Amino acid sequence: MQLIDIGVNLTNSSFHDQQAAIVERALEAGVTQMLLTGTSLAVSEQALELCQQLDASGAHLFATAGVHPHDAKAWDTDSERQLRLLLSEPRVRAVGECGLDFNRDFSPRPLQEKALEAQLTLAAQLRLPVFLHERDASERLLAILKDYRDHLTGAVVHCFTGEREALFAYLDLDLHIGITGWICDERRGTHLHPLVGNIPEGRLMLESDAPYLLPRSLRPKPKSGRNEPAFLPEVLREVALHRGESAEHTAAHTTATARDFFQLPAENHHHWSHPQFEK
Ligand SMILES: [Zn+2]
């Protein structure tokens, strides 16, 4: 039962340089490949450097490069050029995380749109798929994508949390959908239960978004409250259940989808990497 975690924020400070153990626990749990998410030029560089530092063969760790809407305001005159270079690294497999977040509004909206469009333009010219974030902005995101979609090899709406109409609109644009532990959240994720089954096989992928979105049904829960990619099987369990399919079958098809979407290569216990009650 191999799984692929399409979005790990493995450079996060909150991991306090314990990425090696985190990766070891993931592999041991059968999460055999992971996409390390870039959220700014600096964090995209660090994500790539982590792939290089931890995984010399290029079998397990890959990166995305992009600028997140929270950080769109840092998009500047040298951004396009630096990102184009980073994207041409072979371990870098997608453009993103990029998109729109009108809930937080941590960058002005026009600056968000500007950064998004420049990244979609790069994705189109470089023939790389897009890793999208959207929150309270489905209407703007759909309008923007309309002019790009025909020119993209593909795009995923990562960590989809919205309602039926938004889902079907994304599906109608032929977008992939990524599902996280938000689905295990009894307070805000139950509305996904009737929806996950509408995502065709071949368009559904899974992701932890670690350290965020620790599945609320997990046990034992880490005292830190940090999510990690080894907890992805709890997401698989819940997604399989509401799709009415075996865990083995959901695992198989999401993994095949992710391999294709990111162009990943085919397949082929330690005590130090399982500290108990870690800070
Ligand atoms: Zn996101």
# chains A, B, ... in the order shown; residues from 1 in each chain; ligands from 1
>>> residues_near_ligand(ligand="ligand 1", cutoff="7 Å", atoms="only C-alpha atoms and all ligand atoms", output="ChimeraX atom specification")
/A:97,133-134,158-159
>>> write_last_selection(atoms="C-alpha atoms", output="JSON list (two decimals), in the first residue's frame")
[["chain", "number", "residue", "atom", "x", "y", "z"],
["A", 97, "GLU", "CA", 2.02, 26.49, -4.53],
["A", 133, "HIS", "CA", -4.31, 27.00, -3.49],
["A", 134, "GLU", "CA", -7.71, 28.65, -3.29],
["A", 158, "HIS", "CA", -4.77, 21.32, -3.54],
["A", 159, "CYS", "CA", -6.44, 20.89, -0.14]]
>>> residues_around(residues="residue 107 of chain A", least_positions_apart="5", cutoff="6 Å", atoms="only C-alpha atoms", output="MDAnalysis selection string")
chainID A and resid 70 72:73
>>> closest_residue(among="A:147, A:124, A:192, A:175", to="residue 162 of chain A", atoms="only C-alpha atoms")
A:192
>>> select_by_dssp(residues="segment 85-253 of chain A", states="helix (DSSP H, G or I)", output="NGL selection string")
:A and (85-87 or 109-126 or 138-146 or 149-151 or 164-172 or 181-184 or 190-192 or 196-198 or 229-243 or 247-253)
>>> closest_residue(among="A:65, A:204, A:26, A:59", to="residue 46 of chain A", atoms="only C-alpha atoms")
A:65
>>> atom_distance(atom1="atom CA of residue 179 of chain A", atom2="atom CA of residue 102 of chain A")
20.2 Å
>>> residues_around(residues="segment 17-19 of chain A", least_positions_apart="5", cutoff="12 Å", atoms="only C-alpha atoms", output="list in words")
residues 8, 9, 10, 11, 12, 24, 25, 26, 36, 47, 49, 50, 51, 53, 54, 55, 61, 210, 211, 228, 229, 272, 273, 274, 275, 278 and 279 of chain A
>>> residues_around(residues="residue 34 of chain A", least_positions_apart="5", cutoff="6 Å", atoms="only C-alpha atoms", output="PyMOL selection string")
chain A and resi 4-6+61
>>> write_last_selection(atoms="N, CA, C and O atoms", output="tab-separated table (two decimals), in the first residue's frame")
chain	number	residue	atom	x	y	z
A	4	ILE	N	1.45	8.47	-2.02
A	4	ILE	CA	2.29	9.59	-2.40
A	4	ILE	C	1.64	10.82	-1.77
A	4	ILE	O	0.41	10.99	-1.85
A	5	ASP	N	2.44	11.59	-1.04
A	5	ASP	CA	1.95	12.77	-0.36
A	5	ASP	C	2.31	13.96	-1.28
A	5	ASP	O	3.49	14.29	-1.45
A	6	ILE	N	1.31	14.54	-1.94
A	6	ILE	CA	1.58	15.58	-2.94
A	6	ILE	C	1.87	16.98	-2.37
A	6	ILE	O	2.15	17.91	-3.11
A	61	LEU	N	12.00	12.11	-3.02
A	61	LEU	CA	11.69	13.53	-2.68
A	61	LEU	C	11.75	14.39	-3.94
A	61	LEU	O	12.77	14.36	-4.66
>>> closest_residue(among="A:93, A:71, A:132, A:77", to="residue 48 of chain A", atoms="only C-alpha atoms")
A:93
>>> residues_around(residues="residue 81 of chain A", least_positions_apart="6", cutoff="12 Å", atoms="only C-alpha atoms", output="number ranges by chain")
A: 41, 66, 75, 87-88, 118-119, 122
>>> residues_around(residues="residue 156 of chain A", least_positions_apart="4", cutoff="12 Å", atoms="only C-alpha atoms", output="PyMOL selection string")
chain A and resi 6-7+94-99+128-134+145+149+152+160+167+170-171+173-179+199+202-207+257-258+261-262
>>> write_last_selection(atoms="N, CA and C atoms", output="CSV table (one decimal), in the first residue's frame")
chain,number,residue,atom,x,y,z
A,6,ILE,N,1.3,14.5,-1.9
A,6,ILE,CA,1.6,15.6,-2.9
A,6,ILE,C,1.9,17.0,-2.4
A,7,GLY,N,1.8,17.1,-1.1
A,7,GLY,CA,2.2,18.4,-0.5
A,7,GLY,C,2.6,18.4,0.9
A,94,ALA,N,6.6,20.8,-10.4
A,94,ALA,CA,5.4,21.7,-10.7
A,94,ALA,C,5.6,23.1,-10.3
A,95,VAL,N,4.8,24.0,-10.8
A,95,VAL,CA,4.7,25.4,-10.4
A,95,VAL,C,3.7,25.5,-9.3
A,96,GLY,N,4.2,26.1,-8.2
A,96,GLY,CA,3.2,26.3,-7.1
A,96,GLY,C,4.1,26.1,-5.8
A,97,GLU,N,3.4,26.3,-4.7
A,97,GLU,CA,2.0,26.5,-4.5
A,97,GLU,C,1.7,27.9,-4.9
A,98,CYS,N,0.7,28.1,-5.7
A,98,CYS,CA,0.3,29.5,-6.1
A,98,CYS,C,-1.2,29.5,-6.2
A,99,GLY,N,-1.8,30.7,-6.2
A,99,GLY,CA,-3.2,30.8,-6.3
A,99,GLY,C,-3.8,32.0,-5.6
A,128,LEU,N,4.8,22.6,-17.4
A,128,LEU,CA,4.8,22.0,-16.1
A,128,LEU,C,3.4,22.2,-15.5
A,129,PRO,N,2.9,21.2,-14.7
A,129,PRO,CA,1.6,21.3,-14.1
A,129,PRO,C,1.6,22.3,-13.0
A,130,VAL,N,0.4,22.7,-12.6
A,130,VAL,CA,0.3,23.7,-11.6
A,130,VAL,C,-0.3,23.2,-10.3
A,131,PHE,N,0.3,23.7,-9.1
A,131,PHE,CA,-0.2,23.3,-7.8
A,131,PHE,C,-0.9,24.5,-7.2
A,132,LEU,N,-2.2,24.4,-7.1
A,132,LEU,CA,-3.0,25.7,-6.8
A,132,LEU,C,-3.6,25.6,-5.4
A,133,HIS,N,-3.6,26.8,-4.8
A,133,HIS,CA,-4.3,27.0,-3.5
A,133,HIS,C,-5.4,28.0,-3.8
A,134,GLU,N,-6.6,27.7,-3.2
A,134,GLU,CA,-7.7,28.7,-3.3
A,134,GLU,C,-8.5,28.7,-2.0
A,145,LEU,N,-8.4,31.1,-14.7
A,145,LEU,CA,-7.9,29.9,-15.3
A,145,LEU,C,-8.4,29.7,-16.7
A,149,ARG,N,-6.3,27.5,-19.1
A,149,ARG,CA,-6.4,26.0,-18.9
A,149,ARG,C,-6.0,25.2,-20.2
A,152,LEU,N,-2.3,24.5,-20.3
A,152,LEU,CA,-1.6,23.9,-19.2
A,152,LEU,C,-1.6,22.4,-19.4
A,160,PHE,N,-8.6,20.8,-1.3
A,160,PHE,CA,-9.9,21.3,-1.6
A,160,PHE,C,-10.8,21.3,-0.3
A,167,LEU,N,-16.7,22.5,-6.5
A,167,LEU,CA,-16.0,21.2,-6.9
A,167,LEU,C,-16.4,20.9,-8.3
A,170,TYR,N,-14.6,23.2,-10.8
A,170,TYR,CA,-13.2,22.7,-11.0
A,170,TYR,C,-13.1,21.5,-11.9
A,171,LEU,N,-13.9,20.5,-11.5
A,171,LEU,CA,-13.9,19.3,-12.3
A,171,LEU,C,-14.2,19.5,-13.8
A,173,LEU,N,-13.5,22.2,-15.6
A,173,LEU,CA,-12.3,22.6,-16.2
A,173,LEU,C,-11.2,21.6,-16.3
A,174,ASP,N,-11.5,20.3,-16.0
A,174,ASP,CA,-10.6,19.2,-16.0
A,174,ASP,C,-9.4,19.4,-15.1
A,175,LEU,N,-9.7,19.8,-13.8
A,175,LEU,CA,-8.6,20.0,-12.8
A,175,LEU,C,-8.6,18.7,-11.9
A,176,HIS,N,-7.4,18.4,-11.5
A,176,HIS,CA,-7.2,17.4,-10.4
A,176,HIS,C,-7.6,18.1,-9.1
A,177,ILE,N,-7.9,17.2,-8.1
A,177,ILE,CA,-8.4,17.7,-6.7
A,177,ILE,C,-7.5,17.0,-5.7
A,178,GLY,N,-7.0,17.7,-4.7
A,178,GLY,CA,-6.1,17.1,-3.7
A,178,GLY,C,-6.9,17.2,-2.4
A,179,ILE,N,-6.9,16.1,-1.7
A,179,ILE,CA,-7.7,16.0,-0.4
A,179,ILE,C,-6.7,15.7,0.8
A,199,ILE,N,-15.1,12.8,-7.4
A,199,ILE,CA,-13.9,13.0,-8.1
A,199,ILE,C,-13.5,11.7,-8.8
A,202,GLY,N,-8.1,8.9,-11.3
A,202,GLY,CA,-7.4,9.6,-12.3
A,202,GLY,C,-7.3,11.2,-12.0
A,203,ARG,N,-8.2,11.7,-11.1
A,203,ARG,CA,-8.1,13.1,-10.8
A,203,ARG,C,-7.9,13.4,-9.3
A,204,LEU,N,-8.0,12.3,-8.5
A,204,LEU,CA,-7.9,12.5,-7.0
A,204,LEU,C,-6.5,12.2,-6.6
A,205,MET,N,-5.9,13.1,-5.8
A,205,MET,CA,-4.7,12.9,-5.1
A,205,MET,C,-4.8,13.1,-3.6
A,206,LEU,N,-3.8,12.6,-2.9
A,206,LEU,CA,-3.8,12.8,-1.4
A,206,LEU,C,-2.6,13.6,-1.0
A,207,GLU,N,-2.7,14.3,0.1
A,207,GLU,CA,-1.7,15.1,0.7
A,207,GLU,C,-1.8,15.3,2.2
A,257,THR,N,-2.3,8.3,-10.2
A,257,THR,CA,-2.6,9.7,-10.6
A,257,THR,C,-1.4,10.6,-10.3
A,258,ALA,N,-0.9,10.6,-9.1
A,258,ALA,CA,0.2,11.5,-8.7
A,258,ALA,C,1.5,11.2,-9.5
A,261,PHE,N,0.8,12.8,-12.8
A,261,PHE,CA,0.7,14.3,-12.7
A,261,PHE,C,2.0,14.9,-12.6
A,262,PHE,N,2.9,14.4,-11.7
A,262,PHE,CA,4.2,15.0,-11.5
A,262,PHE,C,5.3,14.3,-12.3
>>> atom_distance(atom1="atom CA of residue 110 of chain A", atom2="atom CA of residue 45 of chain A")
25.5 Å
>>> select_by_dssp(residues="segment 5-197 of chain A", states="strand (DSSP E)", output="number ranges by chain")
A: 5-8, 31-36, 61-65, 92-101, 130-135, 155-157, 176-179
>>> write_last_selection(atoms="C-alpha atoms", output="PDB file, in the first residue's frame")
ATOM      1  CA  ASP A   5       1.951  12.774  -0.365  1.00  0.00           C
ATOM      2  CA  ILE A   6       1.579  15.579  -2.936  1.00  0.00           C
ATOM      3  CA  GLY A   7       2.161  18.447  -0.513  1.00  0.00           C
ATOM      4  CA  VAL A   8       4.567  18.419   2.419  1.00  0.00           C
ATOM      5  CA  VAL A  31       4.473   6.939   1.800  1.00  0.00           C
ATOM      6  CA  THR A  32       7.206   6.317  -0.732  1.00  0.00           C
ATOM      7  CA  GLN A  33       7.243   9.604  -2.578  1.00  0.00           C
ATOM      8  CA  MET A  34       6.553  13.161  -1.441  1.00  0.00           C
ATOM      9  CA  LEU A  35       6.291  16.553  -3.067  1.00  0.00           C
ATOM     10  CA  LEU A  36       7.955  19.266  -0.969  1.00  0.00           C
ATOM     11  CA  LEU A  61      11.687  13.526  -2.684  1.00  0.00           C
ATOM     12  CA  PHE A  62      10.647  16.036  -5.319  1.00  0.00           C
ATOM     13  CA  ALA A  63       9.867  19.744  -5.134  1.00  0.00           C
ATOM     14  CA  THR A  64       7.501  22.428  -6.418  1.00  0.00           C
ATOM     15  CA  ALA A  65       8.624  26.005  -6.991  1.00  0.00           C
ATOM     16  CA  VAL A  92      11.277  20.424  -9.469  1.00  0.00           C
ATOM     17  CA  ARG A  93       8.007  18.936 -10.852  1.00  0.00           C
ATOM     18  CA  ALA A  94       5.419  21.654 -10.651  1.00  0.00           C
ATOM     19  CA  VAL A  95       4.712  25.365 -10.423  1.00  0.00           C
ATOM     20  CA  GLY A  96       3.248  26.335  -7.074  1.00  0.00           C
ATOM     21  CA  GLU A  97       2.015  26.492  -4.526  1.00  0.00           C
ATOM     22  CA  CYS A  98       0.334  29.466  -6.140  1.00  0.00           C
ATOM     23  CA  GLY A  99      -3.242  30.772  -6.266  1.00  0.00           C
ATOM     24  CA  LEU A 100      -5.601  33.073  -4.352  1.00  0.00           C
ATOM     25  CA  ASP A 101      -6.500  33.468  -0.681  1.00  0.00           C
ATOM     26  CA  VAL A 130       0.285  23.737 -11.580  1.00  0.00           C
ATOM     27  CA  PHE A 131      -0.192  23.273  -7.820  1.00  0.00           C
ATOM     28  CA  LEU A 132      -3.024  25.657  -6.825  1.00  0.00           C
ATOM     29  CA  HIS A 133      -4.308  27.003  -3.486  1.00  0.00           C
ATOM     30  CA  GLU A 134      -7.712  28.655  -3.287  1.00  0.00           C
ATOM     31  CA  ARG A 135      -9.684  30.026  -0.315  1.00  0.00           C
ATOM     32  CA  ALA A 155      -3.452  21.672 -12.537  1.00  0.00           C
ATOM     33  CA  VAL A 156      -4.586  20.463  -9.096  1.00  0.00           C
ATOM     34  CA  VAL A 157      -6.692  22.393  -6.619  1.00  0.00           C
ATOM     35  CA  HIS A 176      -7.175  17.415 -10.416  1.00  0.00           C
ATOM     36  CA  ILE A 177      -8.366  17.683  -6.747  1.00  0.00           C
ATOM     37  CA  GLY A 178      -6.142  17.117  -3.690  1.00  0.00           C
ATOM     38  CA  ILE A 179      -7.658  15.998  -0.396  1.00  0.00           C
TER      39      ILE A 179
END
>>> closest_residue(among="A:259, A:270, A:109, A:249", to="residue 136 of chain A", atoms="only C-alpha atoms")
A:109
>>> residues_around(residues="residue 164 of chain A", least_positions_apart="4", cutoff="9 Å", atoms="only C-alpha atoms", output="mmCIF file with N, CA and C atoms, in the first residue's frame")
data_model
loop_
_atom_site.group_PDB
_atom_site.id
_atom_site.type_symbol
_atom_site.label_atom_id
_atom_site.label_comp_id
_atom_site.auth_asym_id
_atom_site.auth_seq_id
_atom_site.Cartn_x
_atom_site.Cartn_y
_atom_site.Cartn_z
ATOM 1 N N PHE A 168 -17.632 20.873 -8.668
ATOM 2 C CA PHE A 168 -18.034 20.557 -10.019
ATOM 3 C C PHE A 168 -17.526 21.576 -11.035
ATOM 4 N N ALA A 169 -17.445 22.850 -10.668
ATOM 5 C CA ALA A 169 -16.814 23.804 -11.596
ATOM 6 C C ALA A 169 -15.319 23.492 -11.853
ATOM 7 N N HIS A 191 -18.811 18.087 5.217
ATOM 8 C CA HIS A 191 -19.449 18.382 3.934
ATOM 9 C C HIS A 191 -18.674 17.780 2.748
ATOM 10 N N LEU A 192 -17.429 17.358 2.979
ATOM 11 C CA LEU A 192 -16.641 16.695 1.924
ATOM 12 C C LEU A 192 -17.051 15.246 1.735
ATOM 13 N N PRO A 194 -20.003 13.624 1.251
ATOM 14 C CA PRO A 194 -20.802 13.329 0.054
ATOM 15 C C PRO A 194 -20.100 13.731 -1.260
ATOM 16 N N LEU A 195 -19.042 14.530 -1.178
ATOM 17 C CA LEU A 195 -18.385 15.066 -2.380
ATOM 18 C C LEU A 195 -17.196 14.237 -2.884
#
>>> atom_distance(atom1="atom CA of residue 138 of chain A", atom2="atom CA of residue 166 of chain A")
6.6 Å
>>> closest_residue(among="A:60, A:80, A:89, A:111", to="residue 3 of chain A", atoms="only C-alpha atoms")
A:60
>>> closest_residue(among="A:67, A:137, A:183, A:123", to="residue 154 of chain A", atoms="only C-alpha atoms")
A:123
